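Okay, input24.cif now, which holds mmCIF, C-alpha atoms and all ligand atoms:
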```
data_data
loop_
_atom_site.label_atom_id
_atom_site.label_comp_id
_atom_site.auth_asym_id
_atom_site.auth_seq_id
_atom_site.Cartn_x
_atom_site.Cartn_y
_atom_site.Cartn_z
CA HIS N 1 106.73 147.50 129.99
CA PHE N 2 106.75 151.09 131.32
CA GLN N 3 104.97 154.45 131.12
CA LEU N 4 106.46 157.86 131.73
CA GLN N 5 104.75 159.48 134.74
CA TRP N 6 106.60 162.76 134.34
CA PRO N 7 107.61 164.44 132.20
CA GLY N 8 104.79 163.04 130.00
CA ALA N 9 105.30 160.99 126.85
CA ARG N 10 104.88 162.37 123.26
CA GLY N 11 101.73 160.29 122.79
CA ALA N 12 99.55 157.57 124.29
CA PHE N 13 101.20 154.46 125.73
CA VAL N 14 100.71 151.45 123.39
CA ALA N 15 102.47 148.40 124.93
CA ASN N 16 103.23 146.69 121.54
CA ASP N 17 104.61 149.99 120.11
CA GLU N 18 107.37 150.42 122.79
CA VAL N 19 109.73 148.28 120.63
CA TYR N 20 109.82 151.20 118.12
CA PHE N 21 111.75 154.49 118.22
CA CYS N 22 109.98 156.85 120.72
CA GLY N 23 107.21 154.28 121.24
CA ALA N 24 106.22 154.66 117.55
CA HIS N 25 105.74 158.45 118.11
CA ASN N 26 108.62 159.26 115.78
CA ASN N 27 107.65 162.92 115.14
CA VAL N 28 108.50 165.59 117.72
CA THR N 29 105.60 167.40 119.43
CA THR N 30 105.06 171.08 120.26
CA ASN N 31 103.25 170.43 123.60
CA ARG N 32 106.57 170.37 125.52
CA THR N 33 106.86 170.03 129.35
CA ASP N 34 108.85 172.79 131.15
CA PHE N 35 111.80 171.07 132.85
CA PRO N 36 113.87 172.77 135.62
CA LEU N 37 117.67 173.23 135.51
CA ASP N 38 117.86 174.23 139.22
CA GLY N 39 118.20 170.58 140.39
CA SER N 40 114.48 170.00 141.14
CA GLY N 41 114.20 167.95 137.90
CA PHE N 42 113.34 164.25 137.85
CA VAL N 43 112.12 161.44 135.62
CA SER N 44 109.43 159.14 137.00
CA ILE N 45 108.31 155.94 135.25
CA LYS N 46 106.01 153.09 136.11
CA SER N 47 107.05 149.44 135.31
CA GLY N 48 104.73 146.43 135.36
CA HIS N 49 107.58 144.03 136.25
CA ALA N 50 111.09 143.75 137.69
CA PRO N 51 113.93 143.31 137.41
CA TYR N 52 114.77 145.57 134.53
CA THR N 53 117.55 147.81 133.27
CA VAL N 54 116.75 151.41 132.45
CA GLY N 55 118.55 154.53 131.35
CA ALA N 56 117.97 157.57 129.13
CA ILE N 57 119.47 159.19 126.04
CA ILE N 58 118.89 162.78 125.03
CA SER N 59 118.61 165.01 121.94
CA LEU N 60 119.06 168.82 121.83
CA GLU N 61 117.48 168.77 118.35
CA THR N 62 114.16 170.61 118.19
CA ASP N 63 113.15 168.13 115.50
CA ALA N 64 114.25 164.87 117.24
CA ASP N 65 112.82 162.17 114.97
CA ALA N 66 115.66 159.71 114.38
CA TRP N 67 118.22 157.70 116.37
CA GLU N 68 121.04 159.85 114.96
CA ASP N 69 119.59 162.95 116.76
CA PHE N 70 120.52 161.19 120.06
CA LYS N 71 124.22 160.63 119.19
CA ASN N 72 127.11 162.80 120.23
CA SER N 73 129.79 164.13 117.90
CA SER N 74 131.94 160.98 118.45
CA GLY N 75 128.94 158.80 117.33
CA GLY N 76 127.94 157.20 120.65
CA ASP N 77 124.63 157.77 122.42
CA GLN N 78 124.17 160.98 124.42
CA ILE N 79 123.47 159.34 127.81
CA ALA N 80 121.46 161.67 130.03
CA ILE N 81 120.77 158.97 132.66
CA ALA N 82 123.24 156.13 133.35
CA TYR N 83 121.87 152.58 132.94
CA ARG N 84 121.09 150.71 136.15
CA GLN N 85 119.15 147.61 137.19
CA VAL N 86 115.88 148.09 139.06
CA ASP N 87 114.59 145.24 141.25
CA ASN N 88 111.11 146.61 142.23
CA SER N 89 108.05 146.96 139.93
CA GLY N 90 105.75 149.99 140.08
CA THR N 91 107.16 153.46 140.37
CA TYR N 92 110.81 154.37 139.85
CA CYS N 93 112.06 157.93 139.87
CA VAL N 94 115.58 159.40 139.39
CA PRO N 95 116.66 163.02 139.98
CA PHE N 96 117.86 164.60 136.73
CA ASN N 97 120.01 167.72 136.51
CA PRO N 98 120.49 168.44 132.77
CA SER N 99 123.11 171.04 133.87
CA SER N 100 125.43 168.15 134.99
CA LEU N 101 125.80 166.78 131.44
CA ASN N 102 128.85 167.52 129.31
CA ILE N 103 126.76 168.99 126.42
CA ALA N 104 126.60 172.49 124.91
CA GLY N 105 122.97 173.31 124.13
CA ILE N 106 121.62 172.85 127.67
CA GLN N 107 120.41 176.28 128.81
CA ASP N 108 117.19 178.07 129.79
CA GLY N 109 114.69 178.06 126.90
CA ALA N 110 116.42 175.06 125.25
CA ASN N 111 114.37 172.27 123.61
CA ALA N 112 115.13 168.56 124.18
CA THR N 113 113.84 165.04 123.87
CA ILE N 114 114.54 162.53 126.66
CA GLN N 115 114.20 158.94 125.42
CA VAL N 116 113.99 156.35 128.18
CA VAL N 117 115.60 153.03 127.23
CA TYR N 118 114.28 149.94 129.02
CA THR N 119 114.93 146.21 128.93
CA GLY N 120 112.98 143.95 131.37
CA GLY N 121 113.00 140.60 129.50
CA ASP N 122 110.33 141.42 126.83
CA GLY N 123 112.18 143.55 124.31
CA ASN N 124 114.18 146.73 124.12
CA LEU N 125 111.49 149.34 124.87
CA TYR N 126 111.37 153.12 124.34
CA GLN N 127 109.28 156.20 125.32
CA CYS N 128 110.11 159.90 124.61
CA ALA N 129 109.34 163.16 126.44
CA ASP N 130 109.61 166.50 124.70
CA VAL N 131 110.73 169.23 127.12
CA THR N 132 111.89 172.84 127.25
CA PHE N 133 114.58 173.47 129.89
CA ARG N 134 113.80 176.42 132.22
CA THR N 135 115.85 178.09 134.98
CA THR N 136 113.12 177.20 137.45
CA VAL N 137 109.65 175.68 137.25
CA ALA N 138 107.24 176.61 140.07
CA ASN N 139 104.36 174.26 141.09
CA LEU N 140 106.52 171.37 139.90
CA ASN N 141 104.53 168.47 141.40
CA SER N 142 106.86 165.76 142.88
CA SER N 143 104.27 163.35 144.31
CA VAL N 144 104.94 160.95 141.36
CA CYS N 145 108.65 160.86 142.31
CA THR N 146 108.78 157.81 144.58
CA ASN N 147 110.53 154.42 144.42
CA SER N 148 108.13 151.54 145.12
CA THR N 149 109.79 148.77 147.24
CA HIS N 150 108.81 145.25 148.46
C1 LIG N 201 100.95 166.12 123.76
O1 LIG N 201 99.85 166.02 122.89
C2 LIG N 201 99.69 164.71 122.39
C3 LIG N 201 98.65 164.73 121.28
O2 LIG N 201 97.39 165.05 121.84
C4 LIG N 201 99.28 163.81 123.53
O3 LIG N 201 99.10 162.49 123.06
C5 LIG N 201 100.35 163.83 124.61
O4 LIG N 201 99.87 163.16 125.74
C6 LIG N 201 100.73 165.27 124.98
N1 LIG N 201 101.91 165.27 125.77
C7 LIG N 201 101.98 165.92 126.93
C8 LIG N 201 103.35 165.99 127.58
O5 LIG N 201 101.01 166.46 127.41
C1 LIG N 202 111.31 174.84 120.70
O1 LIG N 202 110.13 174.07 120.40
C2 LIG N 202 108.97 174.89 120.19
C3 LIG N 202 107.77 174.00 119.91
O2 LIG N 202 107.13 173.65 121.16
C4 LIG N 202 109.20 175.87 119.02
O3 LIG N 202 108.10 176.78 118.94
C5 LIG N 202 110.51 176.64 119.20
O4 LIG N 202 110.80 177.38 118.01
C6 LIG N 202 111.65 175.69 119.50
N1 LIG N 202 112.89 176.43 119.73
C7 LIG N 202 113.86 176.45 118.80
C8 LIG N 202 115.02 177.37 119.08
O5 LIG N 202 113.79 175.78 117.77
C1 LIG N 203 129.65 159.98 123.35
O1 LIG N 203 128.91 159.09 124.17
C2 LIG N 203 129.61 157.86 124.42
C3 LIG N 203 128.75 157.00 125.35
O2 LIG N 203 127.75 156.33 124.59
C4 LIG N 203 131.01 158.13 125.04
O3 LIG N 203 131.81 156.95 124.90
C5 LIG N 203 131.76 159.32 124.40
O4 LIG N 203 132.81 159.77 125.27
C6 LIG N 203 130.83 160.46 124.13
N1 LIG N 203 131.51 161.54 123.41
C7 LIG N 203 131.73 162.76 123.98
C8 LIG N 203 131.45 162.88 125.47
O5 LIG N 203 132.09 163.71 123.33
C1 LIG N 204 115.27 155.68 143.31
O1 LIG N 204 116.44 154.86 143.28
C2 LIG N 204 117.57 155.48 142.60
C3 LIG N 204 118.73 154.55 142.65
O2 LIG N 204 118.34 153.30 142.10
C4 LIG N 204 117.92 156.79 143.21
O3 LIG N 204 118.90 157.43 142.41
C5 LIG N 204 116.72 157.67 143.33
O4 LIG N 204 117.05 158.84 144.08
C6 LIG N 204 115.60 156.95 144.00
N1 LIG N 204 114.46 157.79 144.04
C7 LIG N 204 113.93 158.17 145.18
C8 LIG N 204 112.79 159.14 145.06
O5 LIG N 204 114.35 157.76 146.26
CU CU N 205 107.01 144.37 129.88
#
```
Output the structure of this file as C-alpha cells.
Ligand SMILES: *[C@@H]1O[C@H](CO)[C@@H](O)[C@H](O)[C@H]1NC(C)=O
Ligand SMILES: *[C@@H]1O[C@H](CO)[C@@H](O)[C@H](O)[C@H]1NC(C)=O
Ligand SMILES: *[C@@H]1O[C@H](CO)[C@@H](O)[C@H](O)[C@H]1NC(C)=O
Ligand SMILES: *[C@@H]1O[C@H](CO)[C@@H](O)[C@H](O)[C@H]1NC(C)=O
Ligand SMILES: [Cu+2]
Amino acid sequence: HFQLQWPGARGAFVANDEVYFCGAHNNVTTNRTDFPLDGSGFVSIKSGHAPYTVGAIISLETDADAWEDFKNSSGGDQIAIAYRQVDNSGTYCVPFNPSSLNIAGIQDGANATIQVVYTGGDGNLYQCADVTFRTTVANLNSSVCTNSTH
C-alpha cells in the first residue's frame, strides 16, 4: 500500500479503500495544491513494501470523478508518469514536468487530477491529488523527495 507525500491526496488514506477509484474519494476537491510547471515539480509517495510497479494517469477535467476523465481522445489512459518497478520500500519520488506531456490544457492556472496507479502484490491501488498548475511555486518544500534504498 502507499500514501501520497506530496502533492497531498484528496482525502485521508484508508488502506482497504485504495482498491477503489481515487482511493474511494471519487468527488473532486477544491483544496488544490499549487504545482510548478518550471521543472521543480515532483510526486513523492511512501510504500510499505517492495517490489511494486507504479505510474500515474492524469485528468485536465476540473470535475475529475470517473475513469473516463483520465482517457485521451483515442480512448487510452493519459499517462503522466510512465510505469516502472520499484525495488525499495519507504519513500519514492519522481520529478514531474507537466509541460513535457503531449496534452493541450496544461498551462498556468490549469486544474488537474494526478491519479497514482500502484500494484505491489495486494491489489491494484489508487490515490488522487487535485492540483492547479502554476508557472512557479516558491517555498516548494522538497525534503519529502527522496528515494529510500537498502
Ligand atoms: C483537502 O481537504 C480534505 C477534506 O478535509 C482533506 O481530507 C485533504 O487532506 C485535503 N487535501 C489537501 C491536499 O490538503
Ligand atoms: C479550478 O478549480 C477551482 C476549485 O479549487 C475552481 O474554483 C476553478 O473554477 C477551477 N477552474 C476552472 C477553469 O474550472
Ligand atoms: C492515448 O494514450 C495511450 C496510452 O495509454 C496511447 O497509446 C495513445 O497514443 C494516446 N493517444 C494520444 C497521445 O493522442
Ligand atoms: C527515484 O528513482 C527514479 C527512477 O526509479 C528517478 O527517476 C528519480 O529521480 C529518483 N528520485 C530521486 C530523488 O533520486
Ligand atoms: Cu500493500
What residues have an atom no more than 6 Å from (115.9, 176.1, 136.3) in the file's own frame, counting all atoms listed in the file, and can you write them as a list in words?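 Every residue inside that radius is included here: residues 36, 37, 38, 134, 135 and 136 of chain N.
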Of the candidates N:23, N:123, N:51, N:75, which shows the shortest atom-to-atom distance to residue 90 of chain N, using all atoms listed in the file?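 With all atoms listed in the file as the atom set, the closest residue is N:51.
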Give as a list in words every residue, naming chains and numbers as the document does, that has an atom within 12 Å of (100.5, 160.0, 123.2), counting only C-alpha atoms.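 It turns out the residues near that spot are residues 3, 4, 8, 9, 10, 11, 12, 13, 14, 15, 17, 18, 22, 23, 24, 25, 26, 27, 28, 29, 31, 127, 128, 129 and 130 of chain N.
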Restricting it to C-alpha atoms, dump the selection as a PDB file, keeping the file's coordinate frame.
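Output (result00.pdb):
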```pdb
ATOM      1  CA  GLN N   3     104.970 154.450 131.120  1.00  0.00           C
ATOM      2  CA  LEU N   4     106.460 157.860 131.730  1.00  0.00           C
ATOM      3  CA  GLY N   8     104.790 163.040 130.000  1.00  0.00           C
ATOM      4  CA  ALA N   9     105.300 160.990 126.850  1.00  0.00           C
ATOM      5  CA  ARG N  10     104.880 162.370 123.260  1.00  0.00           C
ATOM      6  CA  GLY N  11     101.730 160.290 122.790  1.00  0.00           C
ATOM      7  CA  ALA N  12      99.550 157.570 124.290  1.00  0.00           C
ATOM      8  CA  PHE N  13     101.200 154.460 125.730  1.00  0.00           C
ATOM      9  CA  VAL N  14     100.710 151.450 123.390  1.00  0.00           C
ATOM     10  CA  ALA N  15     102.470 148.400 124.930  1.00  0.00           C
ATOM     11  CA  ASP N  17     104.610 149.990 120.110  1.00  0.00           C
ATOM     12  CA  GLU N  18     107.370 150.420 122.790  1.00  0.00           C
ATOM     13  CA  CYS N  22     109.980 156.850 120.720  1.00  0.00           C
ATOM     14  CA  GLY N  23     107.210 154.280 121.240  1.00  0.00           C
ATOM     15  CA  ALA N  24     106.220 154.660 117.550  1.00  0.00           C
ATOM     16  CA  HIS N  25     105.740 158.450 118.110  1.00  0.00           C
ATOM     17  CA  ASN N  26     108.620 159.260 115.780  1.00  0.00           C
ATOM     18  CA  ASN N  27     107.650 162.920 115.140  1.00  0.00           C
ATOM     19  CA  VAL N  28     108.500 165.590 117.720  1.00  0.00           C
ATOM     20  CA  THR N  29     105.600 167.400 119.430  1.00  0.00           C
ATOM     21  CA  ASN N  31     103.250 170.430 123.600  1.00  0.00           C
ATOM     22  CA  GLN N 127     109.280 156.200 125.320  1.00  0.00           C
ATOM     23  CA  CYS N 128     110.110 159.900 124.610  1.00  0.00           C
ATOM     24  CA  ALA N 129     109.340 163.160 126.440  1.00  0.00           C
ATOM     25  CA  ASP N 130     109.610 166.500 124.700  1.00  0.00           C
TER      26      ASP N 130
END
```
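A straight line drawn from atom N1 of ligand LIG 203 (chain N) to atom CA of residue 52 of chain N is 25.7 Å long.
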Name all residues at most 9 Å from residue 60 of chain N (count all atoms listed in the file; drop same-chain ones fewer than 6 positions away) and give them as JSON, numbers by chain. {"N": [69, 70, 103, 104, 105, 106, 110, 111, 112, 113]}
What is the atom CA of residue 131 of chain N to atom CA of residue 16 of chain N distance in Å?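 Computed distance, atom CA of residue 131 of chain N to atom CA of residue 16 of chain N, equals 24.4 Å.
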Kindly assemble as a Markdown table a list of the chain N residues that lie within 10 Å of ligand LIG 204 (chain N), each paired with its nearest atom pair and their distance in Å to one decimal, using only C-alpha atoms and all ligand atoms, sorted first by chain and then by ascending residue number.
```
| residue | atom | partner | partner_atom | distance |
| --- | --- | --- | --- | --- |
| N:42 | CA | N:LIG204 | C8 | 8.9 |
| N:43 | CA | N:LIG204 | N1 | 9.5 |
| N:44 | CA | N:LIG204 | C8 | 8.7 |
| N:54 | CA | N:LIG204 | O2 | 10.0 |
| N:83 | CA | N:LIG204 | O2 | 9.8 |
| N:84 | CA | N:LIG204 | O2 | 7.0 |
| N:85 | CA | N:LIG204 | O2 | 7.6 |
| N:86 | CA | N:LIG204 | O2 | 6.5 |
| N:87 | CA | N:LIG204 | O2 | 8.9 |
| N:88 | CA | N:LIG204 | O2 | 9.9 |
| N:91 | CA | N:LIG204 | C1 | 8.9 |
| N:92 | CA | N:LIG204 | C1 | 5.8 |
| N:93 | CA | N:LIG204 | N1 | 4.8 |
| N:94 | CA | N:LIG204 | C5 | 4.5 |
| N:95 | CA | N:LIG204 | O4 | 5.9 |
| N:96 | CA | N:LIG204 | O3 | 9.2 |
| N:142 | CA | N:LIG204 | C8 | 9.2 |
| N:143 | CA | N:LIG204 | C8 | 9.5 |
| N:144 | CA | N:LIG204 | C8 | 8.9 |
| N:145 | CA | N:LIG204 | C8 | 5.3 |
| N:146 | CA | N:LIG204 | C8 | 4.3 |
| N:147 | CA | N:LIG204 | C1 | 5.0 |
| N:148 | CA | N:LIG204 | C1 | 8.4 |
| N:149 | CA | N:LIG204 | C1 | 9.7 |
```
Because some atoms of segment 89-112 of chain N are absent here, can you restore N, CA, C and O atoms and send them as an mmCIF file, keeping the file's coordinate frame?
```
data_model
loop_
_atom_site.group_PDB
_atom_site.id
_atom_site.type_symbol
_atom_site.label_atom_id
_atom_site.label_comp_id
_atom_site.auth_asym_id
_atom_site.auth_seq_id
_atom_site.Cartn_x
_atom_site.Cartn_y
_atom_site.Cartn_z
ATOM 1 N N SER N 89 109.056 146.481 140.879
ATOM 2 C CA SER N 89 108.050 146.960 139.930
ATOM 3 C C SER N 89 107.293 148.149 140.542
ATOM 4 O O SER N 89 107.574 148.573 141.679
ATOM 5 N N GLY N 90 106.370 148.716 139.759
ATOM 6 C CA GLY N 90 105.750 149.990 140.080
ATOM 7 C C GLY N 90 106.665 151.184 139.802
ATOM 8 O O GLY N 90 107.402 151.241 138.799
ATOM 9 N N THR N 91 106.604 152.180 140.688
ATOM 10 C CA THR N 91 107.160 153.460 140.370
ATOM 11 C C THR N 91 108.657 153.454 140.648
ATOM 12 O O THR N 91 109.111 152.856 141.629
ATOM 13 N N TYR N 92 109.383 154.152 139.763
ATOM 14 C CA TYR N 92 110.810 154.370 139.850
ATOM 15 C C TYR N 92 111.094 155.767 139.296
ATOM 16 O O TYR N 92 110.704 156.098 138.173
ATOM 17 N N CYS N 93 111.802 156.555 140.105
ATOM 18 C CA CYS N 93 112.060 157.930 139.870
ATOM 19 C C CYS N 93 113.520 158.276 140.188
ATOM 20 O O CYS N 93 113.983 157.985 141.277
ATOM 21 N N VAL N 94 114.180 158.988 139.269
ATOM 22 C CA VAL N 94 115.580 159.400 139.390
ATOM 23 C C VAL N 94 115.659 160.911 139.247
ATOM 24 O O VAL N 94 115.005 161.516 138.400
ATOM 25 N N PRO N 95 116.415 161.589 140.132
ATOM 26 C CA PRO N 95 116.660 163.020 139.980
ATOM 27 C C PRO N 95 117.395 163.247 138.658
ATOM 28 O O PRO N 95 118.187 162.414 138.290
ATOM 29 N N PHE N 96 117.127 164.352 137.956
ATOM 30 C CA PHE N 96 117.860 164.600 136.730
ATOM 31 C C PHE N 96 118.196 166.084 136.656
ATOM 32 O O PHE N 96 117.302 166.947 136.693
ATOM 33 N N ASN N 97 119.500 166.356 136.573
ATOM 34 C CA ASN N 97 120.010 167.720 136.510
ATOM 35 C C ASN N 97 120.688 167.903 135.158
ATOM 36 O O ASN N 97 121.871 167.602 135.013
ATOM 37 N N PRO N 98 119.956 168.390 134.129
ATOM 38 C CA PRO N 98 120.490 168.440 132.770
ATOM 39 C C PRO N 98 121.802 169.234 132.775
ATOM 40 O O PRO N 98 122.688 168.940 131.992
ATOM 41 N N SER N 99 121.901 170.207 133.691
ATOM 42 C CA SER N 99 123.110 171.040 133.870
ATOM 43 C C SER N 99 124.380 170.183 134.031
ATOM 44 O O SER N 99 125.422 170.570 133.528
ATOM 45 N N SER N 100 124.275 169.018 134.682
ATOM 46 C CA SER N 100 125.430 168.150 134.990
ATOM 47 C C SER N 100 126.036 167.510 133.733
ATOM 48 O O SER N 100 127.083 166.896 133.829
ATOM 49 N N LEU N 101 125.352 167.560 132.585
ATOM 50 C CA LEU N 101 125.800 166.780 131.440
ATOM 51 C C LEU N 101 126.858 167.596 130.696
ATOM 52 O O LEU N 101 126.895 168.826 130.810
ATOM 53 N N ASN N 102 127.713 166.901 129.948
ATOM 54 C CA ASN N 102 128.850 167.520 129.310
ATOM 55 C C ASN N 102 128.441 167.878 127.871
ATOM 56 O O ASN N 102 129.055 167.373 126.918
ATOM 57 N N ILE N 103 127.389 168.711 127.728
ATOM 58 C CA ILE N 103 126.760 168.990 126.420
ATOM 59 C C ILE N 103 126.396 170.479 126.313
ATOM 60 O O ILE N 103 125.580 170.996 127.084
ATOM 61 N N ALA N 104 126.997 171.143 125.319
ATOM 62 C CA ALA N 104 126.600 172.490 124.910
ATOM 63 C C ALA N 104 125.228 172.400 124.240
ATOM 64 O O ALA N 104 124.955 171.480 123.458
ATOM 65 N N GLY N 105 124.351 173.341 124.585
ATOM 66 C CA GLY N 105 122.970 173.310 124.130
ATOM 67 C C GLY N 105 122.005 173.327 125.297
ATOM 68 O O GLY N 105 120.835 173.666 125.123
ATOM 69 N N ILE N 106 122.490 172.959 126.491
ATOM 70 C CA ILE N 106 121.620 172.850 127.670
ATOM 71 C C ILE N 106 121.642 174.183 128.430
ATOM 72 O O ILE N 106 122.546 174.468 129.168
ATOM 73 N N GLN N 107 120.576 174.959 128.245
ATOM 74 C CA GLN N 107 120.410 176.280 128.810
ATOM 75 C C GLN N 107 118.911 176.556 128.948
ATOM 76 O O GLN N 107 118.081 175.795 128.441
ATOM 77 N N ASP N 108 118.570 177.672 129.599
ATOM 78 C CA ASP N 108 117.190 178.070 129.790
ATOM 79 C C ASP N 108 116.603 178.393 128.417
ATOM 80 O O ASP N 108 117.272 179.001 127.604
ATOM 81 N N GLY N 109 115.382 177.905 128.168
ATOM 82 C CA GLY N 109 114.690 178.060 126.900
ATOM 83 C C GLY N 109 115.036 176.978 125.882
ATOM 84 O O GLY N 109 114.473 176.969 124.816
ATOM 85 N N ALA N 110 115.942 176.054 126.216
ATOM 86 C CA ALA N 110 116.420 175.060 125.250
ATOM 87 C C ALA N 110 115.426 173.893 125.160
ATOM 88 O O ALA N 110 114.855 173.465 126.154
ATOM 89 N N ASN N 111 115.241 173.393 123.936
ATOM 90 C CA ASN N 111 114.370 172.270 123.610
ATOM 91 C C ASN N 111 115.154 170.950 123.689
ATOM 92 O O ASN N 111 116.321 170.902 123.312
ATOM 93 N N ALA N 112 114.507 169.881 124.174
ATOM 94 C CA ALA N 112 115.130 168.560 124.180
ATOM 95 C C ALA N 112 114.092 167.444 124.162
ATOM 96 O O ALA N 112 112.943 167.628 124.506
#
```
